[PDB]
>>> print(open('data-v7.csv').read())   # CSV, N, CA and C atoms and all ligand atoms
chain,number,residue,atom,x,y,z
A,1,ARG,N,-92.6,-209.7,-150.4
A,1,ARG,CA,-91.4,-210.4,-149.9
A,1,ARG,C,-91.7,-211.3,-148.7
A,2,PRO,N,-92.0,-212.6,-149.1
A,2,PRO,CA,-92.3,-213.6,-148.1
A,2,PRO,C,-91.0,-213.9,-147.2
A,3,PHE,N,-89.9,-214.0,-147.9
A,3,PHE,CA,-88.6,-214.3,-147.2
A,3,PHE,C,-87.6,-213.2,-147.7
A,4,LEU,N,-86.7,-212.9,-146.9
A,4,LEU,CA,-85.6,-212.0,-147.2
A,4,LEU,C,-84.4,-212.1,-146.3
A,5,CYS,N,-83.2,-212.1,-146.8
A,5,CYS,CA,-82.0,-212.3,-146.0
A,5,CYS,C,-81.7,-211.1,-145.2
A,6,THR,N,-82.2,-209.9,-145.7
A,6,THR,CA,-82.1,-208.6,-145.0
A,6,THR,C,-80.6,-208.3,-144.6
A,7,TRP,N,-79.7,-208.9,-145.3
A,7,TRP,CA,-78.3,-208.7,-145.0
A,7,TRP,C,-77.8,-207.4,-145.7
A,8,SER,N,-77.0,-206.6,-145.1
A,8,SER,CA,-76.6,-205.3,-145.6
A,8,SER,C,-75.9,-205.5,-146.9
A,9,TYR,N,-76.3,-204.7,-147.9
A,9,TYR,CA,-75.7,-204.8,-149.2
A,9,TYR,C,-75.9,-206.1,-150.0
A,10,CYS,N,-77.0,-206.7,-149.6
A,10,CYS,CA,-77.5,-207.9,-150.3
A,10,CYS,C,-79.0,-207.8,-150.3
A,11,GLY,N,-79.7,-208.0,-149.2
A,11,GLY,CA,-81.1,-207.9,-149.1
A,11,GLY,C,-81.9,-208.6,-150.1
A,12,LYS,N,-81.5,-209.9,-150.3
A,12,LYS,CA,-82.1,-210.7,-151.3
A,12,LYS,C,-83.4,-211.4,-150.8
A,13,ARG,N,-84.5,-211.3,-151.6
A,13,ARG,CA,-85.8,-211.8,-151.2
A,13,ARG,C,-86.0,-213.2,-151.8
A,14,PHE,N,-86.9,-214.0,-151.2
A,14,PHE,CA,-87.2,-215.3,-151.6
A,14,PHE,C,-88.6,-215.6,-151.4
A,15,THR,N,-89.2,-216.6,-152.1
A,15,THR,CA,-90.5,-217.0,-151.9
A,15,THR,C,-90.6,-218.4,-151.3
A,16,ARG,N,-89.5,-219.0,-151.0
A,16,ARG,CA,-89.4,-220.3,-150.4
A,16,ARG,C,-88.3,-220.3,-149.3
A,17,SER,N,-88.6,-220.9,-148.2
A,17,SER,CA,-87.8,-220.8,-147.0
A,17,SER,C,-86.5,-221.6,-147.1
A,18,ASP,N,-86.5,-222.7,-147.8
A,18,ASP,CA,-85.3,-223.5,-148.0
A,18,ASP,C,-84.3,-222.8,-148.8
A,19,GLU,N,-84.8,-221.9,-149.7
A,19,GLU,CA,-83.9,-221.1,-150.6
A,19,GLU,C,-83.3,-220.0,-149.7
A,20,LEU,N,-84.1,-219.4,-148.9
A,20,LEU,CA,-83.6,-218.4,-147.9
A,20,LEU,C,-82.6,-219.0,-147.0
A,21,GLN,N,-82.9,-220.2,-146.4
A,21,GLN,CA,-82.1,-220.9,-145.5
A,21,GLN,C,-80.7,-221.2,-146.2
A,22,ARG,N,-80.8,-221.7,-147.4
A,22,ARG,CA,-79.6,-222.0,-148.2
A,22,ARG,C,-78.8,-220.7,-148.4
A,23,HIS,N,-79.5,-219.7,-148.7
A,23,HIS,CA,-78.9,-218.4,-149.0
A,23,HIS,C,-78.2,-217.8,-147.8
A,24,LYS,N,-78.9,-217.9,-146.6
A,24,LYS,CA,-78.3,-217.4,-145.4
A,24,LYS,C,-77.0,-218.1,-145.1
A,25,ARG,N,-76.8,-219.3,-145.6
A,25,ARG,CA,-75.6,-220.1,-145.4
A,25,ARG,C,-74.4,-219.4,-146.0
A,26,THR,N,-74.6,-218.4,-146.9
A,26,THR,CA,-73.5,-217.7,-147.5
A,26,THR,C,-73.1,-216.5,-146.7
A,27,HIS,N,-74.0,-216.0,-145.8
A,27,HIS,CA,-73.8,-214.9,-144.9
A,27,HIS,C,-73.1,-215.4,-143.6
A,28,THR,N,-73.5,-216.6,-143.2
A,28,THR,CA,-72.9,-217.2,-142.0
A,28,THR,C,-72.1,-218.3,-142.4
A,29,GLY,N,-71.1,-218.1,-143.2
A,29,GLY,CA,-70.2,-219.1,-143.7
A,29,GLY,C,-69.0,-218.5,-144.4
A,30,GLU,N,-68.1,-218.0,-143.7
A,30,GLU,CA,-66.9,-217.3,-144.2
A,30,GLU,C,-65.9,-218.4,-144.7
A,31,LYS,N,-65.6,-219.3,-143.8
A,31,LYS,CA,-64.6,-220.4,-144.2
A,31,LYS,C,-65.3,-221.8,-143.9
A,101,ZN,ZN,-78.2,-212.2,-148.8
>>> encode(input="data-v7.csv", output="structure tokens")
Amino acid sequence: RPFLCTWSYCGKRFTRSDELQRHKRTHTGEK
């Protein structure tokens, strides 16, 4: 696990930072 969002009830792992960054945008982006 190079990258991982580590968010509760998600914990999605990634091998590229831009993908994690993009993904994190779903956890810090309600509206
Ligand atoms: Zn996540």
>>> closest_atom_pairs(input="data-v7.csv", of="chain A", to="ligand ZN 101 (chain A)", cutoff="8 Å", atoms="all atoms listed in the file", output="tab-separated table")
residue	atom	partner	partner_atom	distance
A:4	C	A:ZN101	ZN	6.7
A:5	CA	A:ZN101	ZN	4.7
A:6	N	A:ZN101	ZN	5.6
A:7	N	A:ZN101	ZN	5.0
A:8	N	A:ZN101	ZN	6.8
A:9	C	A:ZN101	ZN	6.6
A:10	CA	A:ZN101	ZN	4.6
A:11	N	A:ZN101	ZN	4.5
A:12	N	A:ZN101	ZN	4.3
A:13	N	A:ZN101	ZN	7.0
A:23	C	A:ZN101	ZN	5.7
A:24	N	A:ZN101	ZN	6.1
A:25	N	A:ZN101	ZN	7.9
A:26	C	A:ZN101	ZN	7.0
A:27	N	A:ZN101	ZN	6.4
>>> write_last_selection(input="data-v7.csv", atoms="N, CA and C atoms", output="mmCIF file, in the frame of the given file")
data_model
loop_
_atom_site.group_PDB
_atom_site.id
_atom_site.type_symbol
_atom_site.label_atom_id
_atom_site.label_comp_id
_atom_site.auth_asym_id
_atom_site.auth_seq_id
_atom_site.Cartn_x
_atom_site.Cartn_y
_atom_site.Cartn_z
ATOM 1 N N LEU A 4 -86.700 -212.900 -146.900
ATOM 2 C CA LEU A 4 -85.600 -212.000 -147.200
ATOM 3 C C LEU A 4 -84.400 -212.100 -146.300
ATOM 4 N N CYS A 5 -83.200 -212.100 -146.800
ATOM 5 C CA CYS A 5 -82.000 -212.300 -146.000
ATOM 6 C C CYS A 5 -81.700 -211.100 -145.200
ATOM 7 N N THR A 6 -82.200 -209.900 -145.700
ATOM 8 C CA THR A 6 -82.100 -208.600 -145.000
ATOM 9 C C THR A 6 -80.600 -208.300 -144.600
ATOM 10 N N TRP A 7 -79.700 -208.900 -145.300
ATOM 11 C CA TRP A 7 -78.300 -208.700 -145.000
ATOM 12 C C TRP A 7 -77.800 -207.400 -145.700
ATOM 13 N N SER A 8 -77.000 -206.600 -145.100
ATOM 14 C CA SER A 8 -76.600 -205.300 -145.600
ATOM 15 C C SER A 8 -75.900 -205.500 -146.900
ATOM 16 N N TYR A 9 -76.300 -204.700 -147.900
ATOM 17 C CA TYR A 9 -75.700 -204.800 -149.200
ATOM 18 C C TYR A 9 -75.900 -206.100 -150.000
ATOM 19 N N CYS A 10 -77.000 -206.700 -149.600
ATOM 20 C CA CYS A 10 -77.500 -207.900 -150.300
ATOM 21 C C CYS A 10 -79.000 -207.800 -150.300
ATOM 22 N N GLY A 11 -79.700 -208.000 -149.200
ATOM 23 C CA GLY A 11 -81.100 -207.900 -149.100
ATOM 24 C C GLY A 11 -81.900 -208.600 -150.100
ATOM 25 N N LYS A 12 -81.500 -209.900 -150.300
ATOM 26 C CA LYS A 12 -82.100 -210.700 -151.300
ATOM 27 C C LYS A 12 -83.400 -211.400 -150.800
ATOM 28 N N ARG A 13 -84.500 -211.300 -151.600
ATOM 29 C CA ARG A 13 -85.800 -211.800 -151.200
ATOM 30 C C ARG A 13 -86.000 -213.200 -151.800
ATOM 31 N N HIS A 23 -79.500 -219.700 -148.700
ATOM 32 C CA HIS A 23 -78.900 -218.400 -149.000
ATOM 33 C C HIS A 23 -78.200 -217.800 -147.800
ATOM 34 N N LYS A 24 -78.900 -217.900 -146.600
ATOM 35 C CA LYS A 24 -78.300 -217.400 -145.400
ATOM 36 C C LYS A 24 -77.000 -218.100 -145.100
ATOM 37 N N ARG A 25 -76.800 -219.300 -145.600
ATOM 38 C CA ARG A 25 -75.600 -220.100 -145.400
ATOM 39 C C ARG A 25 -74.400 -219.400 -146.000
ATOM 40 N N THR A 26 -74.600 -218.400 -146.900
ATOM 41 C CA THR A 26 -73.500 -217.700 -147.500
ATOM 42 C C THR A 26 -73.100 -216.500 -146.700
ATOM 43 N N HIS A 27 -74.000 -216.000 -145.800
ATOM 44 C CA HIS A 27 -73.800 -214.900 -144.900
ATOM 45 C C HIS A 27 -73.100 -215.400 -143.600
#
>>> atom_distance(input="data-v7.csv", atom1="atom C of residue A:28", atom2="atom C of residue A:1")
21.7 Å
>>> select_by_dssp(input="data-v7.csv", residues="chain A", states="strand (DSSP E or B)", output="ChimeraX atom specification")
/A:3-4,13-14
>>> atom_distance(input="data-v7.csv", atom1="atom C of residue A:14", atom2="atom N of residue A:31")
24.5 Å
>>> residues_near_point(input="data-v7.csv", point="(-89.9, -217.8, -150.3)", cutoff="6 Å", atoms="only C-alpha atoms", output="list in words")
residues 2, 3, 14, 15, 16 and 17 of chain A
>>> select_by_dssp(input="data-v7.csv", residues="chain A", states="helix (DSSP H, G or I)", output="number ranges by chain")
A: 17-24
>>> axis_aligned_box(input="data-v7.csv", around="stretch 11-24 of chain A", padding_each_side="4 Å", output="AutoDock Vina command-line options")
--center_x -83.8 --center_y -215.7 --center_z -148.6 --size_x 21.6 --size_y 23.6 --size_z 15.0
>>> atom_distance(input="data-v7.csv", atom1="atom C of residue A:18", atom2="atom CA of residue A:30")
18.8 Å
